[PDB]
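These notes are about the structure you will find just below.
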Amino acid sequence: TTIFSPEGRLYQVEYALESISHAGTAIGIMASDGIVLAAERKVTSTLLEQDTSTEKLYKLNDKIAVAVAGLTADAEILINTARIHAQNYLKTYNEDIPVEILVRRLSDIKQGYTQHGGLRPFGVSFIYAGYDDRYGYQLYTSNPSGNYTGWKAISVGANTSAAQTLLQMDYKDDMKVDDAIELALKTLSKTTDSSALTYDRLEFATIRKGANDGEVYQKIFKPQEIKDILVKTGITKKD
Amino acid sequence: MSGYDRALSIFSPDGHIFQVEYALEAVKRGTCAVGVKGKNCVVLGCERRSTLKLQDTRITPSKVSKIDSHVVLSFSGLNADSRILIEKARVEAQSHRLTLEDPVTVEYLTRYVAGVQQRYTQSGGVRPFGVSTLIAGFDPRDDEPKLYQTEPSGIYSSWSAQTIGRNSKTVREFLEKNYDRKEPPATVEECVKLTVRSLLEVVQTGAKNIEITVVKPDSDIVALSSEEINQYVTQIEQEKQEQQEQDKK
Amino acid sequence: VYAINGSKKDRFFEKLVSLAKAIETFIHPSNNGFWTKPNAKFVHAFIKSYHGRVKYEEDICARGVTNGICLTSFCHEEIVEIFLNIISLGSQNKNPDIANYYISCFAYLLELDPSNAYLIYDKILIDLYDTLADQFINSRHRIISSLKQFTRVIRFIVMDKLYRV
Amino acid sequence: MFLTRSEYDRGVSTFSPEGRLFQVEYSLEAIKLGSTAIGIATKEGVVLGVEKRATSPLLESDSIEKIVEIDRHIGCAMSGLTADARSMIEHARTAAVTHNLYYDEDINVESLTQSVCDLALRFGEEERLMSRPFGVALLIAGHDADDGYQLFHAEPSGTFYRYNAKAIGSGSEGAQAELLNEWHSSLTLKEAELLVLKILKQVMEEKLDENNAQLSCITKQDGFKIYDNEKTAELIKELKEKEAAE
Amino acid sequence: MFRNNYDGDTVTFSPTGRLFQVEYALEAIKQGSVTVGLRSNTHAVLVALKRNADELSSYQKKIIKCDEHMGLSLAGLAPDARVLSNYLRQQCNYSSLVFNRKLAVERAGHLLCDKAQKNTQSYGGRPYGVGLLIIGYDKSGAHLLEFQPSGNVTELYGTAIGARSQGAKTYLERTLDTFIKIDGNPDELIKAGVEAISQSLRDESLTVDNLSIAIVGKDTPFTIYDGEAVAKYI
Amino acid sequence: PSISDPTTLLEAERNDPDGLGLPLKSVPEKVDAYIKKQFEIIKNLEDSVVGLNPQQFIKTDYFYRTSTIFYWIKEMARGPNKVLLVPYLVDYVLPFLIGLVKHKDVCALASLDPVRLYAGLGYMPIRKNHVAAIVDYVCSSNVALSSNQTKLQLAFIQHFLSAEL
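Protein chains in written order, with PDB author numbering: chain D, 10 to 248; chain E, 1 to 249; chain W, 496 to 660; chain P, 1 to 125, 130 to 250; chain G, 1 to 234; chain V, 1815 to 1979.
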């Protein structure tokens, strides 16, 4: 009902934070030449359509992606608002939206749903990723409170604490995107509740530069490409 | 309105234990923010919590926020709220000039901010902001430094030095001993040195945690870098060794 | 409860009338707060424990002799005189589990067979006729607490030749 | 102590069995908890004065001025300052200027007092009714051509009286008793100043001086002015010799 | 000890059909100072005792004017008596602009009833805490209406409202033929009210400042008396 | 107390005929004289503050002493130390606290609360011996008290009598 606890703390935000603390794990890592996003997906359903095109990971425009921990129903309302804002910026300025302007845009909407008592807050945590000329490769996180922070590597959702410790000891400022592929897969295999990692339990993506000077490219990996980085990395659930 | 004053035991009216008191509790839990005037500058300073090893420093927001070319705002309490409170003040100031051929006055940037905070107190099951602020700068065509504090209730006041957030008693105690209102710090360097001494008593580890913005007349706004505040911290720590070794026994 | 000398009682009962006078305002139904659960349980435990003392020493008396530290009729009378208003105020409480502690005291006060027992029956008839005649129709706690009070004492109203009519 | 609670306490927009609105009544009891403010009306000026709590040296005075100008002929004393007190005063300022530019003349003090009470009946800004309180006690003082020097106690209820003399804040009983025992229709402005200082001395606990007390008056000739610390000091010196002269 | 479940909201009915909040709104009339209203065939009169909170304090206003032909007294809630009296003056002006009559006081009664009954029927407000005596004169003669805030009204030769008014009411009732005939000598209709209101003063006394008198009949329009205007009537 | 023998403790507690024993804890005689000397230093330093305003009162040795003894009393009045303070009440601590109450702006410049502290001292565990001396002290009329001090003495007598029902 958006009233303070006597400590000056918001009960609804704390309960929304309890909800996302169950909501599946996501890791993001910022290499010297690209960003990696990975998310672990609890497929307890055989008849759920794996090889559906998205669940945890989404495009916001041609150079920005997100991972979702939380309610996917809540996330998709924010994701569409961010997509509309990215194209409305591109229409106005003829230029691609800077990552800080969009990440904090979704952090200002999520704060409003925490102040007015007719609205429940959004049960979603986002690990944003992208490139722009103002900064370069940027990795941000945002949570049900409307707080947002810049990171070199971060986890959200379940098992955050184990994942942050594993990131901290292996992360290097000068590492390449293929080292961040390896690291994010290792971290998730060293954090997972499921017995071993496999291509349908895993959502993956990258924000590389490629060979051509003007390019930045956002491969949100199809299952067969994820099977290749799995067998190359030594996670290798292979015949 | 609190404690041991109780007629025929007691019972509560509509009154003190209220949403705005719990917003004041949120403000006290947010990092320490300080401001001191000088002869012809004002310096605002903040506590960063010591950044985590995987946090990205080059994109991390400067805690002290420029509202306009001559006005600076810092806060303690809820960050998300301060971001929503700085946006309203920034557009309010840009709109001021567009409709008044006049940059916003520091006192109008303090009455507006505390004013909007007061409306979220008044009614509606919309909560007050868990935020308290320092608003500092200069008016246009003047050389007088200004420094205001605002509180979640929408009360505001002018100070020649003030502190808000965590541990602010101990800082206000140090300022009352080191800030003389007859002879304030006569130079920017001394004003910055006083804020670094003031913060050094309350910050977690040292030069990492302090960050300062200096405002001067005619829109000369200037954040100090880590390397500049490291030479202030080092000079103050040199004078501590010098004072200790200048013991006579 | 085990302080009372049944032959020198007057200075003990003088402290119990002044204890009850001190706490009487903390019992009243518009005065809820941290003291409500303390008071309701103290009143119940004192009356239960005094009735446990009375019926322990009545059993020694039945097969032997009376010591004169044993309580007299005058002591059960004094106990009803001290606690009758307390049990009346506490049975009208907003919390129905708090109200049940005071309503449960009436049975112990009637089982002492005091000379004062008419004070307890008269109160419960007045309120029960006032509920069933719809005199309390705006006050659902008087409806329910009077039905709760009457239910506790039917077994004692049934035995007395006047109230059984 | 013994508890004395009713079932009608804490009722919002509700009458007790007597008709008592207990939110606006419990708001009227806060005229004992504030810092002391006193007003004295006369045929020569309305003398307003407030006890200062001693500030941190870092808090600069203009932050806490509890005597205020509404307009050149009207000023407020407050026993306590809140955002709502500045809201009442800035509504009074905006009301006084909007009156002067619409009606080409200065606002009557009764009509300003009624306009700040209408703000209180609205609860700021559906039928405007007196159900809940707003803000704090104002002593509004002023001078106009039609009803002269006037002191109004404007209450959180949206109602008021004109008083000849009124005290609010923690001296209320002992002050109002000494005011009603002592006030004349023959008070000169000088004697109204010594009278407010004699009353202030008696409540304040401290030794009265130009750093714990504040004076002002509305005069028709000079307008509203807050007094210089040197002027309250020479008045306080004059009080000392007036009682030493006994 | 005797909690009422059905007096929280203006919209609740008691199991016996009472609107308890509205009956509590009547008990607010008993919180005011006494006012007396009375009429002859050609004049209606109001006389009102005014309180103060302290000897330094200006006495409370009790009689209000809506138009040259009618006005009212208020023993109940003063700030809520400004809401009804504003609305009555607004309706007098509406009648002169939109219908070019002036609002006959029976019609004024019907409009106050409508406004008060609306408060009595809808959630998110309170009953009016004020009783009004309205006095007026029009084509149907000298008129006196007791408005009670439940949303009701009655045509009456006289009545008293406020604390201790059963005394003054019983004097009007024992001295009715005395005031109903008076007509062309309006000062004895004023002295009839001053005897009536004097019965509610329990060795309190009338004073030049404590008392206000208002009269409206035939050509002489609605007028109010204060200070020495009421000294010849002490 | 560190008594040499269990039987010496038992004899020493049986020696008071009222059947309430000695205090559980007590100040050794040199520590007792150190505590009393801090208040006598304050009483001799009173001459150094007779003329001056709060802003320079805050800069005096008398105030630095007073502010320290306030924090000492206030910490002694929590937790397991209240009994250590009841011997100093009528001779030093209560006289000191009504002394501080005259300096209401000094208690605003420094965040002191003599009122809340002194009123709260009425709830301490006071022995039967000390009740009579507390009563004779608070029942002493001195015309030297201002209204704030006399209504504080009534406030104490309010939280004292209610805590001595």
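Beta carbons are placed, not taken as given, at the ideal position from N, Cα and C, and that holds for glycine.
Exposure of residue i, with buried meaning 16 or more beta-carbon neighbours within 10 Å
i: residue 263/E; result: The question about residue 263/E has no answer, for chain E in this structure spans 1 to 249.
i: residue 2062/V; result: Nothing in the structure corresponds to residue 2062/V, since chain V is present only between 1815 and 1979.
i: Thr10/G; result: buried
i: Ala145/P; result: buried
i: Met184/D; result: buried
i: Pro61/E; result: exposed
Secondary structure of residue i, DSSP reduced to three states
i: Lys656/W; result: coil
i: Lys65/G; result: strand
i: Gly71/G; result: strand
i: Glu105/P; result: coil
i: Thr1964/V; result: helix
i: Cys92/G; result: helix
i: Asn233/P; result: helix
i: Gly184/G; result: coil
Contact list for residue i against chain D, beta-carbon separation under 9 Å
i: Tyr22/E; result: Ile12, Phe13, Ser14, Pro15, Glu16, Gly17 and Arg18
i: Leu54/E; result: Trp160, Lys161, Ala162, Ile163, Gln173, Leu176, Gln177 and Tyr180
Where residue i meets chain V, residues with beta-carbon distance less than 9 Å
i: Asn100/P; result: The premise fails here: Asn100/P is roughly 40 Å from chain V at the closest Cβ pair, so nothing lies under 9 Å.
Cross-strand partners of residue i (DSSP beta bridge)
i: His143/G; result: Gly136/G
i: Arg39/G; result: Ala44/G
i: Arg18/D; result: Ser14/D
i: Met78/P; result: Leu142/P
i: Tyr225/G; result: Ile213/G
i: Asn152/G; result: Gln148/G
i: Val43/E; result: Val36/E and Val214/E
i: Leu155/P; result: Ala145/P and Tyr167/P
Chain-ordered neighbours of residue i on chain E, where CB pairs are closer than 7 Å
i: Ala84/D; result: Those within 7 Å of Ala84/D in chain E number zero; the least Cβ separation is about 18 Å.
i: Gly155/D; result: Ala80
i: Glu109/D; result: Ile59
Residue i: contacting residues in chain P (beta-carbon distance under 7 Å)
i: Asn1956/V; result: Per Cβ cutoff of 7 Å: no residues; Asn1956/V is ~16 Å from chain P at best.
i: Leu77/G; result: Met134
Per-residue contacts from residue i into chain W (C-beta, under 7 Å)
i: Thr10/G; result: Chain W residues near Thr10/G: none, gap ~16 Å exceeds 7 Å.
Contact set between residue i and chain E, taken where Cβ atoms lie within less than 9 Å
i: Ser28/D; result: The contacting residues do not exist; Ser28/D stays about 18 Å from chain E at best.
i: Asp117/D; result: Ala80, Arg83, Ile84 and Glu87
Under 8 Å by beta carbon: chain W residues contacting residue i
i: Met70/G; result: Correct list: empty, because the minimum Cβ distance to chain W is about 40 Å.
Minimum Cβ-Cβ distance from residue i to chain A less than 8 Å
i: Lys161/D; result: Of the protein chains in this structure, namely D, E, W, P, G and V, none is chain A.
Within chain P, the residues that residue i reaches when beta carbons sit closer than 9 Å
i: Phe507/W; result: None at all; the shortest Cβ gap to chain P is about 24 Å.
i: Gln31/G; result: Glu18, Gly19 and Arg20
i: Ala25/G; result: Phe15 and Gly19
Proximal chain G residues relative to residue i, where beta-carbon distance stays under 7 Å
i: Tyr167/P; result: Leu56 and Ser57
i: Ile632/W; result: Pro15 and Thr16
Contacts of residue i in chain G (Cβ-Cβ under 9 Å)
i: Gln180/P; result: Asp54 and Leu56
i: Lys170/P; result: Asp54, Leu56 and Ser57
Open item on the list: Count Cβ pairs between the region 611–624 of chain W and the region 236–248 of chain P that sit closer than 8 Å; are there 3 or more?
Closed with: no
Open item on the list: With three or more C-beta pairs closer than 8 Å as the rule, is the region 514–525 of chain W touching the region 570–589 of chain W?
Closed with: yes
Task: Three CB pairs or more closer than 8 Å across the region 59–67 of chain P and the region 206–214 of chain P - done: no
Task: Validate contact between the region 117–130 of chain D and the region 34–49 of chain E using beta carbons, cut 8 Å, 3 pairs - done: no
TODO: Would you be able to state if there are at least three C-beta pairs under 8 Å between the region 8–27 of chain P and the region 6–25 of chain G?
DONE: yes
Open item on the list: Does the region 112–122 of chain P come into contact with the region 153–166 of chain P, if we say contact requires no fewer than three beta-carbon pairs (one atom in each stretch) closer than 8 Å?
Closed with: yes
TODO: Decide yes or no for the touch test of the region 153–162 of chain E against the region 107–120 of chain E: beta carbon pairs closer than 8 Å, at least 3 of them.
DONE: yes
Task: Cβ contact check for the region 99–115 of chain E and the region 139–151 of chain E: 3 or more pairs under 8 Å - done: yes
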